[PDB]
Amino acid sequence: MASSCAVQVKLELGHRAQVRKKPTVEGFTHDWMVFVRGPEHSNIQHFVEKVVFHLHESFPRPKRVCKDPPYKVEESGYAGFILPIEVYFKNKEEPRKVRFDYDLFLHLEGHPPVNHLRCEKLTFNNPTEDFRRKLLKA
């Protein structure tokens, strides 16, 4: 077999974070949202099984699973933290997933709200036929 194939897929990870007009009861000062998606409204669900957001252990039910888009978690809290994100693929072969350690940072009041975007490129070398087709629908 003398052919080979590299498939690349572009993801966007990001988050928004806003100082709340008034803290919640529990002392939560900020609202935030974090997300994984395709650039330009592309559909990554073709090859993505699920996204797992691992929230800091201070949160109830810290392991947030999204089986369907939008792949995101919306929360309120008092501090940033490093938020492991696992993107699982619709394949049956390595790699089954990829992990990003997402820096979920807040700004203090006085500073503008956070709107952060992090671009990531995945490369799959010689995926199976099934998977290759899934990737290339995205």
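Note that residue numbering begins at 1 and tracks the sequence as displayed. C-alpha atoms forming the largest set that superposes within 1.5 Å between two forms make up the rigid core.
- Structural divergence in 6 other deposited structures of this protein between 38-46 and 81-89: following superposition by the core, 38-46 has C-alpha atoms lying farther from the shown form.
- Higher mean CA B-factor, judged across 67-75 and 106-114 from the recorded values: 106-114.
- Higher mean CA B-factor, judged across 34-42 and 91-99 from the recorded values: 91-99.
- Which of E57, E86, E49, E26 has the largest Cα B-factor in the deposited entry comes down to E26.
- When the modelled residues of the chain are ordered by C-alpha B-factor, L13 sits in the lowest third.
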